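Pasting target-v8.cif here (mmCIF, C-alpha atoms):
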```cif
data_start
#
loop_
_atom_site.label_atom_id
_atom_site.label_comp_id
_atom_site.auth_asym_id
_atom_site.auth_seq_id
_atom_site.Cartn_x
_atom_site.Cartn_y
_atom_site.Cartn_z
CA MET W 1 122.54 -84.84 -128.20
CA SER W 2 119.74 -86.49 -130.21
CA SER W 3 122.02 -86.05 -133.21
CA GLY W 4 122.29 -89.80 -133.76
CA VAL W 5 125.91 -90.75 -133.23
CA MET W 6 127.23 -93.27 -135.74
CA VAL W 7 130.54 -95.10 -136.08
CA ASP W 8 133.14 -94.79 -138.82
CA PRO W 9 133.34 -98.22 -140.55
CA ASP W 10 137.09 -98.51 -139.82
CA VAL W 11 136.26 -98.66 -136.10
CA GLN W 12 134.91 -102.20 -136.42
CA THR W 13 137.78 -103.10 -138.75
CA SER W 14 140.28 -102.06 -136.08
CA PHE W 15 138.40 -104.22 -133.57
CA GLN W 16 138.60 -107.25 -135.86
CA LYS W 17 142.40 -107.38 -136.13
CA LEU W 18 142.57 -107.15 -132.34
CA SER W 19 139.88 -109.65 -131.34
CA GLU W 20 140.61 -112.34 -133.92
CA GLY W 21 144.17 -111.27 -134.65
CA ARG W 22 146.75 -109.75 -132.32
CA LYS W 23 144.58 -110.45 -129.25
CA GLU W 24 146.34 -108.43 -126.56
CA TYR W 25 148.57 -106.40 -128.85
CA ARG W 26 148.15 -103.09 -130.68
CA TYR W 27 145.16 -101.13 -129.48
CA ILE W 28 142.46 -98.84 -130.80
CA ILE W 29 142.18 -95.11 -130.09
CA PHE W 30 138.87 -93.64 -131.22
CA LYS W 31 137.18 -90.36 -130.32
CA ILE W 32 134.06 -88.47 -131.33
CA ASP W 33 134.40 -85.97 -134.15
CA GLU W 34 131.41 -83.81 -135.06
CA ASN W 35 128.79 -86.53 -134.66
CA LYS W 36 130.47 -89.88 -135.33
CA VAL W 37 133.23 -92.06 -133.89
CA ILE W 38 136.63 -91.69 -135.58
CA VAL W 39 139.71 -93.90 -135.42
CA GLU W 40 142.61 -91.65 -134.50
CA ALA W 41 145.16 -94.41 -134.00
CA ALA W 42 145.55 -98.16 -134.12
CA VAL W 43 148.75 -98.22 -132.13
CA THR W 44 150.44 -100.56 -129.68
CA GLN W 45 152.71 -99.50 -126.87
CA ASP W 46 155.33 -102.03 -127.94
CA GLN W 47 155.92 -100.11 -131.18
CA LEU W 48 156.49 -96.80 -129.36
CA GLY W 49 159.12 -98.07 -126.95
CA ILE W 50 157.42 -100.30 -124.40
CA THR W 51 157.24 -104.11 -124.55
CA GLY W 52 153.48 -104.63 -124.43
CA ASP W 53 151.85 -106.77 -121.74
CA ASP W 54 150.58 -104.71 -118.78
CA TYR W 55 151.39 -107.06 -115.91
CA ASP W 56 152.68 -110.12 -117.74
CA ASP W 57 155.59 -108.08 -119.06
CA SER W 58 155.16 -105.27 -116.50
CA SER W 59 154.55 -102.63 -119.18
CA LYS W 60 151.98 -101.07 -116.79
CA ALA W 61 154.69 -98.50 -116.02
CA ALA W 62 153.67 -96.97 -119.36
CA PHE W 63 150.07 -96.57 -118.20
CA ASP W 64 151.37 -95.11 -114.95
CA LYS W 65 152.96 -92.11 -116.67
CA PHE W 66 150.23 -91.87 -119.34
CA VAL W 67 147.73 -90.59 -116.77
CA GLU W 68 150.03 -87.63 -116.13
CA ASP W 69 150.27 -86.96 -119.84
CA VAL W 70 146.48 -86.95 -119.84
CA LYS W 71 146.29 -84.07 -117.35
CA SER W 72 149.25 -82.33 -118.96
CA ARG W 73 147.95 -82.25 -122.54
CA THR W 74 144.26 -81.80 -121.70
CA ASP W 75 144.86 -79.03 -119.14
CA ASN W 76 142.24 -79.89 -116.50
CA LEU W 77 140.31 -83.10 -117.19
CA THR W 78 138.32 -82.03 -120.24
CA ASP W 79 139.27 -85.19 -122.14
CA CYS W 80 136.69 -87.66 -123.39
CA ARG W 81 137.22 -90.59 -125.71
CA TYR W 82 136.70 -94.26 -126.29
CA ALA W 83 139.64 -96.49 -125.61
CA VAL W 84 139.72 -100.24 -125.92
CA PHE W 85 142.58 -102.36 -124.65
CA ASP W 86 142.93 -106.09 -124.33
CA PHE W 87 145.24 -105.90 -121.36
CA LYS W 88 147.12 -108.86 -120.00
CA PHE W 89 147.01 -108.93 -116.22
CA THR W 90 147.14 -111.53 -113.48
CA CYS W 91 144.03 -112.75 -111.70
CA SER W 92 144.15 -114.12 -108.17
CA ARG W 93 142.74 -117.63 -108.49
CA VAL W 94 140.75 -118.56 -105.40
CA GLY W 95 142.48 -121.65 -104.06
CA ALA W 96 145.68 -120.86 -105.92
CA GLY W 97 148.03 -117.98 -106.60
CA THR W 98 148.81 -115.71 -109.53
CA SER W 99 147.33 -116.66 -112.90
CA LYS W 100 147.93 -114.64 -116.07
CA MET W 101 144.74 -113.56 -117.86
CA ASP W 102 144.26 -111.47 -121.00
CA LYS W 103 141.01 -109.75 -121.96
CA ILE W 104 139.41 -106.68 -123.51
CA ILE W 105 137.87 -103.68 -121.72
CA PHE W 106 135.85 -100.69 -122.90
CA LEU W 107 137.27 -97.54 -121.37
CA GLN W 108 134.60 -94.84 -121.38
CA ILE W 109 135.86 -91.62 -119.84
CA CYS W 110 133.04 -89.26 -118.91
CA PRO W 111 134.28 -86.37 -116.71
CA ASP W 112 131.28 -84.86 -114.97
CA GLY W 113 133.01 -81.49 -114.95
CA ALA W 114 133.62 -81.59 -118.69
CA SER W 115 132.14 -80.06 -121.85
CA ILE W 116 128.57 -81.39 -121.61
CA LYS W 117 127.64 -80.79 -125.28
CA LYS W 118 130.36 -82.92 -126.86
CA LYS W 119 130.59 -85.17 -123.81
CA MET W 120 126.92 -86.14 -123.90
CA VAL W 121 127.56 -87.20 -127.49
CA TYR W 122 129.72 -89.97 -126.00
CA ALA W 123 126.67 -91.13 -124.05
CA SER W 124 124.88 -91.64 -127.36
CA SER W 125 128.06 -93.30 -128.63
CA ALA W 126 127.95 -96.01 -125.93
CA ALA W 127 124.82 -97.38 -127.56
CA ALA W 128 126.21 -97.19 -131.09
CA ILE W 129 129.71 -98.57 -130.51
CA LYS W 130 128.48 -101.56 -128.50
CA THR W 131 125.65 -102.41 -130.89
CA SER W 132 128.03 -102.17 -133.83
CA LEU W 133 130.40 -104.67 -132.20
CA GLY W 134 127.73 -106.94 -130.70
CA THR W 135 130.32 -108.36 -128.31
CA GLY W 136 127.81 -109.41 -125.64
CA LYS W 137 130.64 -110.05 -123.19
CA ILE W 138 132.59 -106.94 -122.23
CA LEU W 139 133.54 -104.82 -119.26
CA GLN W 140 132.56 -101.26 -120.08
CA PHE W 141 133.49 -99.02 -117.18
CA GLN W 142 132.86 -95.29 -116.81
CA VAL W 143 135.80 -93.36 -115.42
CA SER W 144 136.26 -89.62 -115.02
CA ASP W 145 139.67 -89.19 -113.39
CA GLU W 146 143.12 -90.30 -114.59
CA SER W 147 143.61 -92.38 -111.45
CA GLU W 148 140.47 -94.36 -112.26
CA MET W 149 141.87 -95.35 -115.65
CA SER W 150 145.26 -96.30 -114.24
CA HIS W 151 146.79 -99.78 -114.71
CA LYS W 152 146.14 -100.88 -111.10
CA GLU W 153 142.46 -99.98 -111.30
CA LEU W 154 142.14 -101.56 -114.77
CA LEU W 155 143.45 -104.85 -113.37
CA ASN W 156 141.26 -104.37 -110.30
CA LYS W 157 138.08 -103.82 -112.35
CA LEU W 158 138.65 -106.76 -114.67
CA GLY W 159 139.51 -108.86 -111.66
CA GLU W 160 136.71 -107.88 -109.29
CA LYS W 161 134.09 -108.39 -112.02
CA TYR W 162 134.08 -112.19 -111.60
CA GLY W 163 136.72 -112.48 -108.92
CA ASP W 164 137.17 -110.89 -105.51
CA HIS W 165 135.20 -107.66 -105.15
#
```

What does the file become when written as structure tokens?
Amino acid sequence: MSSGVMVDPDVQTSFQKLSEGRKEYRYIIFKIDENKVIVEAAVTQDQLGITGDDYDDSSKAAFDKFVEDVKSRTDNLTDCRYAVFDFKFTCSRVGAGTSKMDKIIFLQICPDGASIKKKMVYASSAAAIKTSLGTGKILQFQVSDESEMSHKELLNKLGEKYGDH
């Protein structure tokens, strides 16, 4: 655990082209390998067959089936990774109605009933990945089940944070 998790330089690079580039399009898939964070994929959903925007376009249907794929490919729930999406949802404006809002979230998945050794490495990673990005303003939530990382909950979390909770 006290191994000293570091980040692969390309991690920050992938965050640049999102934050100051595509904004809400094409996301970053990065896991822990050995003892440092690796970029597995810098892929959008709109290049694989979907259109892109979670609620704005209603591409959330993609996220709805993805949670099943998660339990299908990873057997039980032994998956752990870092996933960052700038997802475009709609916030309920107090005094008004629906208002489209786009912003970035840190998805940290830490299953309690998962492989503690490699999983606890992700706990060390939380410090490294955030410090390397120095965002200062982010919503970094800790989920463990597929249903917690579903599109409805994602919208809910990023809404309740400064909205109705």

(request) Work out how far atom CA of residue W:122 is from atom CA of residue W:59, in Å to one decimal. (result)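 Atom CA of residue W:59 sits 28.7 Å away from atom CA of residue W:122.
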
Per-residue nearest contacts stretch 112-152 of chain W to stretch 33-46 of chain W, cut-off 12 Å, using all atoms listed in the file, as CSV:
```
residue,atom,partner,partner_atom,distance
W:117,CA,W:34,CA,10.9
W:118,CA,W:34,CA,8.3
W:119,CA,W:33,CA,11.0
W:120,CA,W:35,CA,10.9
W:121,CA,W:35,CA,7.3
W:122,CA,W:37,CA,8.9
W:123,CA,W:35,CA,11.8
W:124,CA,W:35,CA,9.7
W:125,CA,W:37,CA,7.5
W:126,CA,W:37,CA,10.3
W:127,CA,W:37,CA,11.8
W:128,CA,W:37,CA,9.1
W:129,CA,W:37,CA,8.1
W:130,CA,W:37,CA,11.9
W:132,CA,W:37,CA,11.4
```

Take the PyMOL selection byres ((chain W and resi 82) around 8), run it mentally on this structure, and tell me the resulting residues as a CSV table (one decimal) with C-alpha atoms, in the coordinates of the input.
```
chain,number,residue,atom,x,y,z
W,29,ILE,CA,142.2,-95.1,-130.1
W,30,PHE,CA,138.9,-93.6,-131.2
W,31,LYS,CA,137.2,-90.4,-130.3
W,80,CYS,CA,136.7,-87.7,-123.4
W,81,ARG,CA,137.2,-90.6,-125.7
W,83,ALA,CA,139.6,-96.5,-125.6
W,84,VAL,CA,139.7,-100.2,-125.9
W,106,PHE,CA,135.8,-100.7,-122.9
W,107,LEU,CA,137.3,-97.5,-121.4
W,108,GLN,CA,134.6,-94.8,-121.4
W,109,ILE,CA,135.9,-91.6,-119.8
```

(request) Work out how far atom CA of residue W:12 is from atom CA of residue W:89, in Å to one decimal. (result)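 Between atom CA of residue W:89 and atom CA of residue W:12 the gap works out to 24.5 Å.
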
(message) Given all atoms listed in the file as the basis, pick out the residue of W:63, W:96, W:131, W:26 nearest to residue W:6.
(response) W:131

Stretch 38-112 of chain W residues near stretch 143-154 of chain W within 8 Å, closest pair each, using all atoms listed in the file, as a tab-separated table:
```
residue	atom	partner	partner_atom	distance
W:54	CA	W:151	CA	7.4
W:60	CA	W:151	CA	5.7
W:63	CA	W:151	CA	5.8
W:64	CA	W:150	CA	6.3
W:67	CA	W:146	CA	5.1
W:68	CA	W:146	CA	7.6
W:70	CA	W:146	CA	7.1
W:71	CA	W:146	CA	7.5
W:77	CA	W:145	CA	7.2
W:107	CA	W:143	CA	7.4
W:108	CA	W:143	CA	6.3
W:109	CA	W:143	CA	4.8
W:110	CA	W:144	CA	5.1
W:111	CA	W:144	CA	4.2
W:112	CA	W:144	CA	6.9
```

Residues as selected, C-alpha atoms, written as an mmCIF file, keeping the file's coordinate frame, can you do that?
```cif
data_model
loop_
_atom_site.group_PDB
_atom_site.id
_atom_site.type_symbol
_atom_site.label_atom_id
_atom_site.label_comp_id
_atom_site.auth_asym_id
_atom_site.auth_seq_id
_atom_site.Cartn_x
_atom_site.Cartn_y
_atom_site.Cartn_z
ATOM 1 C CA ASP W 54 150.580 -104.710 -118.780
ATOM 2 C CA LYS W 60 151.980 -101.070 -116.790
ATOM 3 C CA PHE W 63 150.070 -96.570 -118.200
ATOM 4 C CA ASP W 64 151.370 -95.110 -114.950
ATOM 5 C CA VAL W 67 147.730 -90.590 -116.770
ATOM 6 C CA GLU W 68 150.030 -87.630 -116.130
ATOM 7 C CA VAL W 70 146.480 -86.950 -119.840
ATOM 8 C CA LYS W 71 146.290 -84.070 -117.350
ATOM 9 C CA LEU W 77 140.310 -83.100 -117.190
ATOM 10 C CA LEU W 107 137.270 -97.540 -121.370
ATOM 11 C CA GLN W 108 134.600 -94.840 -121.380
ATOM 12 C CA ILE W 109 135.860 -91.620 -119.840
ATOM 13 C CA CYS W 110 133.040 -89.260 -118.910
ATOM 14 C CA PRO W 111 134.280 -86.370 -116.710
ATOM 15 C CA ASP W 112 131.280 -84.860 -114.970
#
```

(request) Find the residues around residue W:101 up to 8 Å (only C-alpha atoms counted), leave out those fewer than 2 positions away in its own chain, and share them as a ChimeraX atom specification. (result) /W:88-91,99,103

(request) Step by step, work through what the PyMOL selection byres ((chain W and resi 86) around 8) selects in the shown file, and finish by giving those residues as a list in words. (result)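 Selected by the PyMOL selection byres ((chain W and resi 86) around 8) here: residues 23, 24, 25, 27, 84, 85, 87, 88, 102, 103, 104 and 105 of chain W.
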
(message) Counting all atoms listed in the file, which residues have an atom no more than 7 Å from (134.4, -104.7, -118.6) in the file's coordinates? Please list them as a list in words.
(response) residues 105, 106, 138, 139, 140, 141 and 158 of chain W

(message) Calculated over all atoms listed in the file, which of the candidates W:135, W:115, W:156, W:142 has the smallest distance to residue W:15?
(response) W:135

(message) From the options W:3, W:58, W:14, W:92, which residue's atoms come nearest to residue W:162, counting all atoms listed in the file?
(response)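 Residue with the minimum atom-to-atom distance to residue W:162: W:92.
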
(request) Quick one: pull the distance between atom CA of residue W:134 and atom CA of residue W:2, Å, one decimal. (result)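 Computing it gives 22.0 Å between the two atoms.
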